[PDB]
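A.B. asks: Pasting a structure here, questions to come.
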Amino acid sequence: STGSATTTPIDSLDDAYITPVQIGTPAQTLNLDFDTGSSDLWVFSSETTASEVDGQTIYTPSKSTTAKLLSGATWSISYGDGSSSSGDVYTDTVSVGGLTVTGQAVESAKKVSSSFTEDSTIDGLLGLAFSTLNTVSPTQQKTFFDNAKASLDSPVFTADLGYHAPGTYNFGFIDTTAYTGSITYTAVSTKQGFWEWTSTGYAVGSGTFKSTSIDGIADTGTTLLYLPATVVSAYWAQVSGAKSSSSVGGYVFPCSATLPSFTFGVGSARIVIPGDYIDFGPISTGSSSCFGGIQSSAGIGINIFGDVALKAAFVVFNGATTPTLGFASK
């Protein structure tokens, strides 16, 4: 089998991407944030504290003839950005772009933190990291990809995120028309439960390539590119007036600037992030200080190849017996 679904930016800055997901019988369609940095499929629901729902579409398990309470199971998760959610668990039928899994764990939120409530466009998350990170207790549950894998034509999914435009998540096949040149594959460590790999270096604009190993995660659920402070300083030094602001929480730059590109290495291959991808707009409405899309990972404890990086590439998440990652230009 295969599946194919369009993923759409939630706003004009590409702050995140939503993909429609069918849950239950009859189908209840929710728009979920596909997150290769976590491993829980959770949704706003009929059980969510009423004051914590503000415009989201909810899953109502009592209206699904295929929903079954997973007795005794609870979940609770906290994300790198400080947000969190928790609740109980059902199993139900879940389909993405024509690909169907029966008996998928659907984690129903009883509580969500403020940033989720405040974002009316995201109805929940669909985790695509390794199932070892799944938070369900006392019986850990599998991700949608893990449940689907054996049935897929090839044990892979691909992320093709757009810049200020829709893109595609495919399951079970590689669309050879969606990229240019060849796909360069690189090793993955699953020891922390992430799609963790090592970039071979970087360049700033038309500058010379610096060969250096940068360990990090391919994370569709993180907006920006978080890299070591040395790398980030070298980038922003090429933008007149750019500076790190403690009060804002990162590098800012004059909105009047033209940003240079940023290149990252994948083996001997190179992915170029155009400068415009690195502009995240005014820090507050009407400001002429703009927020940068490349930020320091210092104090996160890990480098993160988030959407800013991933959207410049066609990315293969290869779930073969030994997982690997593939990157192509597009």
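Residue 220 in PDB author numbering sits at position 220 of the sequence shown, with consecutive numbering throughout. We put the beta carbon where it would ideally sit given N, CA and C, even for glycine.
(1) Measure the alpha-carbon distance for residue 51 versus residue 86 and round it to whole angstroms.
(2) With a threshold of 8 Å on Cβ separation, who are the neighbours of residue 153 within its own chain once the five nearest residues in sequence on each side are excluded?
(3) Given residue 306, which residues of its chain have a CB within under 6 Å of its CB, disregarding the five upstream and five downstream residues?
(4) Is it true that the region 307-318 meets the region 281-290, where meeting means three or more beta-carbon pairs spaced less than 8 Å apart?
(5) Tell me which same chain residues have a C-beta within less than 8 Å of the C-beta of residue 183, skipping the five on either side of it?
(6) Starting from the C-beta of residue 333, find all residues in its chain whose C-beta is less than 8 Å away, skip the five residues before and the five after it, and write them out in chain order.
(7) Excluding sequence positions up to five away, which residues of its chain have a Cβ less than 8 Å from the Cβ of residue 91?
(8) Indicate whether the contact test is met: 3 or more Cβ pairs, each with one atom in the region 205-214 and one in the region 21-38, closer than 8 Å.
(9) Using DSSP with H/G/I as helix, E/B as strand and the rest coil, what is residue 62?
(10) Taking the alpha carbon of residue 78 as the point to measure from, which residue in 278, 39, 177 has its own alpha carbon closest?
(11) Return the chain-ordered list of same chain residues with a C-beta closer than 6 Å to the C-beta of residue 141, the five sequence neighbours on each side being excluded.
(12) In chain order, which continuous runs of the beta strand (DSSP E) of length 3 or greater are located wholly inside the region 192-280?
(13) Taking the alpha carbon of residue 151 as the reference point, which residue from 138, 100, 81, 228 has its own alpha carbon closest?
(14) Return the Cβ separation of residue 304 and residue 216 in integer angstroms, given the expectation that the two are a contact with Cβ distance under 8 Å.
(15) In terms of alpha-carbon separation, which member of 28, 181, 58, 132 lies closest to residue 94?
(16) Mapping DSSP to helix, strand and coil, what is residue 329?
(17) Look at the alpha carbon of residue 97 and the alpha carbon of residue 6, and state the distance between them as a whole number of angstroms.
(18) Return the CA-CA distance between residue 124 and residue 163, expressed in angstroms with no decimal places.
(19) Among 37, 186, 185, whose alpha-carbon lies nearest the alpha-carbon of residue 80?
(20) On the three-state DSSP scale, how would you describe residue 67?
(21) For the candidate residues 18, 197, 241, 201, whose alpha-carbon lies nearest to that of residue 265?
(22) Smallest Cα separation from residue 211: which of 194, 192, 231, 195?
(23) Apart from the five residues just before and just after residue 57, which ones in its own chain have a Cβ nearer than 6 Å to its Cβ?
(24) How about residue 197 and residue 186: are their beta carbons less than 8 Å apart?
(25) Put residue 314 into one of helix, strand or coil per three-state DSSP.
(26) When you compare only the Cα positions, how much space is there between residue 259 and residue 240?
(27) Starting from the Cα of residue 275, find the closest Cα among 238, 55, 161, 74 and give me that residue.
(28) If you measure from the beta carbon of residue 321 to each beta carbon in chain C, is any gap under 8 Å?
C.D. replies: A quick look at the data gives this:
(1) Counting from one through the sequence shown, the residue named residue 51 turns up at place 51. Counting from one through the sequence shown, the residue named residue 86 turns up at place 86. If you draw a straight line from the Cα of residue 51 to the Cα of residue 86, it is about 15 Å long.
(2) Against the sequence shown, residue 153 aligns to sequence position 153. Only 1, 2, 172, 173 meet the Cβ criterion.
(3) What you label residue 306 is simply residue 306 of the sequence shown in a count that begins at 1. Answer for residue 306: 219, 222, 223, 224, 225, listed in chain order.
(4) The answer is no - the region 281-290 does not touch the region 307-318, with fewer than three Cβ pairs under 8 Å.
(5) Sequence index remark: in the sequence shown, residue 183 carries index 183 (1-based). 174, 314, 316, 326, 327, 328.
(6) Since the first residue of the chain shown is 1 and the last is 330, residue 333 is not available in this structure.
(7) Residue 91 sits at position 91 when you count from the first residue of the sequence shown. Same-chain partners within the cutoff: 67, 68, 70, 103, 104, 105, 106.
(8) The answer is no - the region 21-38 does not touch the region 205-214, with fewer than three Cβ pairs under 8 Å.
(9) As a first step, residue 62 must be located in the sequence shown, where it is residue number 62. Residue state, collapsed to three classes: helix.
(10) Locating residue 78 in the sequence shown gives position 78, counting from the first residue. When only C-alpha atoms are compared, the closest one is 39.
(11) Taking the sequence shown and counting its residues from 1, one reaches residue 141 at position 141. Same-chain partners within the cutoff: 105, 134.
(12) Listed in chain order, the complete beta strand (DSSP E) runs (minimum 3 residues) inside the region 192-280 are 196-204, 210-218, 225-227, 243-245, 250-254, 262-266, 269-273.
(13) Numbered from its first residue, the sequence shown carries residue 151 at position 151. The option with the nearest alpha carbon to residue 151 is 100.
(14) What you label residue 304 is simply residue 304 of the sequence shown in a count that begins at 1. What you label residue 216 is simply residue 216 of the sequence shown in a count that begins at 1. Yes, they are in contact, since the Cβ atoms of residue 304 and residue 216 sit about 6 Å apart, within 8 Å.
(15) Along the sequence shown, read from residue 1 onward, the residue named residue 94 stands at position 94. Just measuring C-alpha positions, the residue of 28, 181, 58, 132 sitting nearest residue 94 is 28.
(16) Against the sequence shown, residue 329 aligns to sequence position 329. Secondary structure at residue 329: coil, using DSSP grouped into helix, strand and coil.
(17) By one-based count along the sequence shown, residue 97 stands at place 97. By one-based count along the sequence shown, residue 6 stands at place 6. Approximately 8 Å between the Cα atoms of the pair.
(18) Walking along the sequence shown from the start, residue 124 turns up at place 124. Walking along the sequence shown from the start, residue 163 turns up at place 163. Straight across, the Cα-Cα distance linking residue 124 with residue 163 is about 22 Å.
(19) The residue you call residue 80 lines up with position 80 of the sequence shown. For residue 80, the nearest C-alpha among the options comes from 37.
(20) Here the question's residue 67 lines up with position 67 in the sequence shown. DSSP places residue 67 in coil when its eight states are reduced to three.
(21) Residue mapping note: residue 265 aligns to position 265 of the sequence shown, counting from 1. Measuring C-alpha to C-alpha distances from residue 265 to each of 18, 197, 241, 201 identifies 201 as the nearest.
(22) The sequence position of residue 211 within the sequence shown is 211, counting from 1. It is 231 whose Cα lies nearest to the Cα of residue 211.
(23) In the sequence shown, residue 57 corresponds to position 57, counting from 1. The answer, listed in chain order, is 30, 123.
(24) By 1-based counting over the sequence shown, the position of residue 197 is 197. By 1-based counting over the sequence shown, the position of residue 186 is 186. Yes, these two residues count as a Cβ contact at 8 Å.
(25) Here residue 314 refers to the residue found at position 314 when the sequence shown is read from its first residue. If DSSP states are grouped into helix, strand and coil, residue 314 belongs with the strands.
(26) As a first step, residue 259 is located in the sequence shown; it is residue number 259 there, counting from the start. As a first step, residue 240 is located in the sequence shown; it is residue number 240 there, counting from the start. Going from the Cα of residue 259 to the Cα of residue 240 covers about 10 Å.
(27) Within the sequence shown, numbered from 1, the residue matching residue 275 stands at position 275. The shortest Cα separation from residue 275 among 238, 55, 161, 74 belongs to 238.
(28) Absent here is chain C; the protein component of the structure consists of one chain.
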